[PDB]
Amino acid sequence: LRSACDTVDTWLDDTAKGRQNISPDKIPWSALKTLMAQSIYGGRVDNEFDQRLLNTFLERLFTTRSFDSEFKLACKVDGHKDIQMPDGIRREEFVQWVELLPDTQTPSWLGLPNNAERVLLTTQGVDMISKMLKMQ
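- The protein chain is annotated in the PDB entry as Cytoplasmic dynein 1 heavy chain 1 of Homo sapiens.

### Re the nonpolar core
1) Next: Residues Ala4, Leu32, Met36, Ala37, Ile40 and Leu58 constitute the largest nonpolar core, which totals six residues.
2) Next: Broken down by element, this core gets its largest block of residues, four residues, from helix 2 (residues 29-40).
3) Next: Non-local contacts of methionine 36, meaning those with residues more than four positions away in its chain, are made with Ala4, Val8, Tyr41, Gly42, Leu54, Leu58 and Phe62.

### Concerning the packing of aromatic side chains
1) Next: Across all of its chains, the model carries one aromatic pair by this definition.
2) Next: Look at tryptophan 29 and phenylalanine 67: their rings are 5.9 Å apart centre to centre, the planes differ by 70 degrees, and that puts the pair in the edge-to-face class. Residue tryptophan 29 is found in helix 2, and its partner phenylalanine 67 is found in the loop between helix 3 (48-61) and strand 1 (72-74); the two are separated by 38 residues along the sequence.
3) Next: Judged by relative accessible area, which is 14%, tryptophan 29 ranks as buried.

### Quick notes on unusual backbone geometry
1) Next: You will see that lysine 76, though not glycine, has its phi angle at about 40 degrees, which is positive.
2) Next: Relative to the elements of secondary structure, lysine 76 occurs in the loop between strand 1 and strand 2 (83-84).
3) Next: Residue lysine 76 is classed as exposed on the basis of its relative accessible area of 60%.
4) Next: Its identity is not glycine, yet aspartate 103 carries a phi of approximately 60 degrees, on the positive side.
5) Next: Within the fold, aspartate 103 resides in the loop between helix 4 (91-99) and helix 5 (116-134).

The rules behind these values
Residues numbered from 1 in each chain as written, not as in the entry; some residues may be left out. Part of a larger assembly, values for the part shown. Heavy atoms only, no water. Core = buried A, V, L, I, M, F, W, Y, C linked by side-chain atoms within 4.5 Å. Buried < 20%, exposed > 50% of the residue type's maximum accessible area, 1.4 Å probe, protein only. Helix = DSSP H or I, 4+ residues; strand = E, 2+ residues; numbered from the N terminus. Contact = heavy atoms within 4.5 Å. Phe/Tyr/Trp six-rings, centres within 6.5 Å; stacked < 30°, edge-to-face > 60°.

Here is the structure:
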């Protein structure tokens, strides 16, 4: 995360040389995507399908369309609703959106099917019973 933040800071300063506002089309999306796919986050990836999965998130989130008012961070999270992109322009506006999250997270937020957690949630629930019985 720190390396990615430095990469964002370095390349945005190169393009926005003191400009108060930078057009979304002028933001170096390719520089951010390629460095994260190859150097920052893709360095640990040793699989061609994990790299394919790592890219898929990059050309979706890191685009000029992410500055639109109708961008979808996640799709069909509950089959009906989808997570929307905040319309704010300041840090506090984005943070308040995080604090207002539904708190009903499902693996569909991550792009995975919701059934992926069914076995994991069952095992953890059974483990709780064993832990409660062990220390009774």
